[PDB]
Amino acid sequence: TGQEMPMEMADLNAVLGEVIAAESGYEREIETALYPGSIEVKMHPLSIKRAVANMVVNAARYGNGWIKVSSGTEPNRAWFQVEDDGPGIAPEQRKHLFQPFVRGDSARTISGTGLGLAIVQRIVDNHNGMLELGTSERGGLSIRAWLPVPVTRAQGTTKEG
Ligand SMILES: Nc1ncnc2c1ncn2[C@@H]1O[C@H](COP(=O)(O)OP(=O)(O)NP(=O)(O)O)[C@@H](O)[C@H]1O
């Protein structure tokens, strides 16, 4: 009990630093490398917090060679990416990785009734930024999540001549 306003203005380096101190308790070889300055995106520190955790849970339990949590940003668009060692995505699964949008006139559902815990997807989906997956030779997988910032005022230096 105590108010509950979600999706608001939050720093991406501030939310990741919270999940870092939480996921860094015993061998969670998490290499932190956030934008050394100050990010700023209106997001939900909750959903995002869970989005970074469930991401390392796959490299910590099965994986155990190296985990990496980094965050960057740009003018009118900040984002954060992760990296972990392991086998990487499969050759066939790369095509069926919880991809949204379908194309067909029939689904042919045989079974699979229960709950729908698609965490992570609704996260970047509730922000409206981006979500992509990459892998270097199925050896160095890295996640690319984006979070667009609300209108701002950043021009930079520009001489007239
Ligand atoms: N670090 C990763 N991040 C995102 N996708 C990954 C990663 N490593 C592998 N993948 C691919 O996505 C799947 C792993 O994460 P995820 O998509 O959550 O699993 P899932 O098979 O869809 N559900 P489950 O594995 O039962 O928890 C694998 O089947 C790979 O094809």
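Pairing the Cα long axis of helix 45-60 with the longest principal axis of the chain, what angle in degrees results, from 0 to 90 and rounded to the nearest 10?
Compared with the principal axis, the helix lies near 50 degrees.
Determine the shape class of the range 1-51: with a ≥ b ≥ c the square roots of the Cα gyration tensor eigenvalues, call it rounded for a/c under 1.5, and otherwise prolate if a/b is greater than b/c, oblate otherwise. Don't jump to the answer; show the numbers that get you there.
Details: a/c = 2.99, a/b = 1.41, b/c = 2.12.
Oblate.
For the charge dipole of the chain, defined by +1 on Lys and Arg C-beta atoms and -1 on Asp and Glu C-beta atoms about the Cα centroid, which residue among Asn76, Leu16, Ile30 has the Cα displaced farthest towards the positive pole?
Of the options given, the answer is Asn76.
Where does each of 30-42, 148-160, 66-78, 116-128 land if you order them by average Cβ count within 10 Å, highest first? Before the final figure, lay out the partial values.
Values: 30-42: 15.6, 148-160: 7.5, 66-78: 17.3, 116-128: 14.1.
Per-residue mean Cβ counts within 10 Å order the peptides as 66-78, 30-42, 116-128, 148-160.
Taking 0.36 nm per intervening residue step and subtracting the Cα-Cα distance, what contour gain separates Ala21 from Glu92 on full extension?
Details: separation 71, 0.36 × 71 = 25.56 nm, distance 3.53 nm.
Result: 22.0 nm gained on full extension.
List the residues, sorted by chain then number, that are 5 or more residues from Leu131 or on another chain and whose placed amide H is less than 5 Å from its amide H.
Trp146
Per the helix-only calculation at 222 nm, which mean residue ellipticity applies to the chain, given -39500 (n - 2.57) for every DSSP H run of n ≥ 4 and division by its residues, nearest 500 deg cm²/dmol?
On the way: 3 runs with 35 residues, N = 161.
Counting only the DSSP helices, I get -6500 deg cm²/dmol.
So what's the Cα pair-distance distribution over the range 25-121, bin width 5 Å, in %?
All Cα pairs, binned at 5 Å, distribute as 2, 9, 14, 18, 19, 15, 12, 6, 4, 1, 0 percent.
Cβ atoms come from the backbone with ideal geometry, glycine included; neighbour counts cover every protein chain shown. Any read-out appearing in this document is the output of simple, stated calculations on the displayed coordinates, not a laboratory observation.
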